[PDB]
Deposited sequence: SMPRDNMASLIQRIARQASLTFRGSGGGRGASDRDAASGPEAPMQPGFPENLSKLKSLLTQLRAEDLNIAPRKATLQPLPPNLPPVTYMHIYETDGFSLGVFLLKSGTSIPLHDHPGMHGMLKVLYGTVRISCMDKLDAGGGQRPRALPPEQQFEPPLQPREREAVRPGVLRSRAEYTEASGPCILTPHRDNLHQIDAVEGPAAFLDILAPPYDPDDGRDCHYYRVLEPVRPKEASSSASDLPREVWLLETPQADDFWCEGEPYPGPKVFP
């Protein structure tokens, strides 16, 4: 008589994401957060993964993705990070996101673009090439903390914490992620990667440089083992 928790999360995500403007949104978002707070790895039939202590060979991805469900309103799935890996700093243009750690520990660094020119004398280490000096833009580093399955969900919105980097801390980690709306490159909603620059206490201003997807980062799908989300 009772649907699985992941079914109920998907149903509530659909109700919640059909932006701030809509009425009933904050209450629906609060309810979704409370569902995610309850979620554990076992509810998805995902056993916690532990380190292999072996180097990662060049042909295997550092990160994998289990797809659970997607509509035009939201996407739902799990990202699984191997030991020592990171998902590089990236944005989510015009999107909301919700993350819940399932096992392991992640460091999430949260940032935003400030919407200015780099001062002429400013220097970075390593030094920038001329095209990079032209392209750097100001940002703000808002937070940088470690999260576990006990932390409860992390939220991002179109205008706050919209840039994040996610590092696996002391071994593999995995998290459930909801994006709303999902990315849509052909609609002009794409994922952009960034470098944070070190020139030569939070929140503090930083400098951001858009950069291609790192050569050693990519993500491949793998089968989702848990209860299925049904229309």
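Where are the holes in the model when you compare it to the deposited sequence?
Missing CA coords at 1-5, 24-41, 139-145, 231-240.
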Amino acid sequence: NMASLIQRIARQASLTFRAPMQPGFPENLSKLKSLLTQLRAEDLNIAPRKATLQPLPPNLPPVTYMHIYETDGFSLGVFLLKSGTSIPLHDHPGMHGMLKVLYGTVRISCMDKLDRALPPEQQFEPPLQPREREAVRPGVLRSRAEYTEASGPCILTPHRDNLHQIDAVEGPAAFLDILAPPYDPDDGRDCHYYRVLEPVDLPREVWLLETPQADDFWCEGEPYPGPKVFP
From here on, numbers count along this sequence of modelled residues.
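We call the rigid core whatever largest set of C-alpha positions still superposes within 1.5 Å between the two forms.
So which moves more in 7 other deposited structures of this protein by CA, 121-129 or 90-98, given a superposition on the core?
Farther on average in 7 other deposited structures of this protein: 121-129.
To spell it out: superpose each other structure in 7 other deposited structures of this protein onto this one by the rigid core, compute Cα RMS over structures and residues for 173-181 and for 56-64. Which is larger?
Larger mean C-alpha displacement, comparing 173-181 and 56-64 in 7 other deposited structures of this protein, is found in 56-64.
Stretch with the higher entry mean CA B-factor, where the candidates are 185-193 and 36-44
Averaging CA B-factors over each stretch, the winner is 185-193.
Look over 99-107 and 129-137 in the entry and identify the one with the greater average Cα temperature factor.
According to the entry, 129-137 carries the higher average C-alpha B-factor.
Going by the CA temperature factor in the entry, name the top one among 10, 209, 219, 19.
Result of the comparison over 10, 209, 219, 19: 19.
Specify which of 64, 162, 165, 52 carries the largest Cα B factor in the deposited PDB entry.
So the option with the highest C-alpha B-factor is 52.
For residue 77, does the deposited CA B-factor place it in the lowest, middle or highest third of the chain?
Lowest third, going by the recorded CA B-factors of the chain.
Going by the recorded CA B-factors, say which third of the chain residue 142 sits in, lowest, middle or highest.
Its C-alpha B-factor belongs to the middle third of this chain's values.
Based on the entry's values, in what third of the chain does the Cα temperature factor of residue 169 lie: lowest, middle or highest?
Middle third, going by the recorded CA B-factors of the chain.
In terms of the CA temperature factor given in the entry, to which third of its chain does residue 122 belong: lowest, middle or highest?
According to the entry, residue 122 has a C-alpha B-factor in the chain's highest third.
Please place residue 29 in the lowest, middle or highest third of its chain according to the CA B-factor in the PDB entry.
Tercile = middle for this residue's CA B-factor.
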